[PDB]
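Read-outs throughout are calculated quantities, based only on the coordinates presented, and are distinct from any laboratory measurement. So basically every Cβ, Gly included, is an ideal-geometry build from the backbone, and we count neighbours across all protein chains shown.
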There are 2 protein chains.
Amino acid sequence: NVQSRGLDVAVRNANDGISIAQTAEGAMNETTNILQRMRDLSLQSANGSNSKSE
Amino acid sequence: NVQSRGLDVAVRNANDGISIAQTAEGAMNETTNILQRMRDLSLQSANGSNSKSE
């Protein structure tokens, strides 16, 4: 009965660690989207056609 | 006749010993339930998702 209760808590604890990993990965999702946008703007800005104003 | 009376008293003393042992065990029944709950809380607190507040 002590092990059964401890396994109930253990499943709750694995779910909580699942949630922290989920929330973090979701935040990294927008970090990837933002970084890719910077990369496209960097390629565009490297073109020789561009002047200094743009 | 003396042994018959002393045996009647002996059953009374055996029953009183049963009563005391029974009560002491009923109290230890709740000591077990309280300790098991304390163990569930400790397992939950050992999780890393918790902050100092929890």
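Applying the Karplus relation 6.51 cos²θ - 1.76 cosθ + 1.60 with θ = phi - 60° to region A:25-36 yields 3J(HN,Hα) values of 4, x, 5, 4, 4, 6, 5, 5, 5, 5, 4, 4 Hz, where x marks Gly and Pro.
Between identical copies, the spacing of A:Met28 label points, each set 7 Å from Cα toward the C-beta atom, reads 5.2 nm from nearest to farthest. Sort out for me the Cα centre separation of region A:3-54 from region B:5-33, rounded to whole Å. For region A:3-54 versus region B:5-33, the Cα centre distance is 66 Å.
In order along region B:9-14, phi translates into HN-Hα couplings of 5, 4, 5, 5, 6, 5 Hz, rounded to whole numbers, per the Karplus curve 6.51 cos²θ - 1.76 cosθ + 1.60 with θ = phi - 60° and x for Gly and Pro. Stokes-Einstein, applied to the Kirkwood radius of chain B over Cα pairs at a viscosity of 1.567 mPa s and 4 °C, places its translational diffusion at 86 µm² s⁻¹.
Counting from the shortest, the label point at B:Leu41, 7 Å from Cα toward Cβ, is 5.2 nm from the same position in each remaining copy. Charges were assigned to the Cβ only: +1 to each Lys and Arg, -1 to each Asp and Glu. The resulting dipole of chain A about its Cα centre is roughly 60 debye. Cα-based radius of gyration for the protein assembly as shown, normalised by 2.2 N^0.38 Å, reads 2.67.
For the pair A:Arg12 and A:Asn29, label points projected 7 Å from Cα toward Cβ lie 2.8 nm apart. Among the trypsin sites (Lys or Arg not before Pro) in chain A, those located in a DSSP loop and surrounded by at most 12 other Cβ atoms within 10 Å of their own Cβ are A:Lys52.
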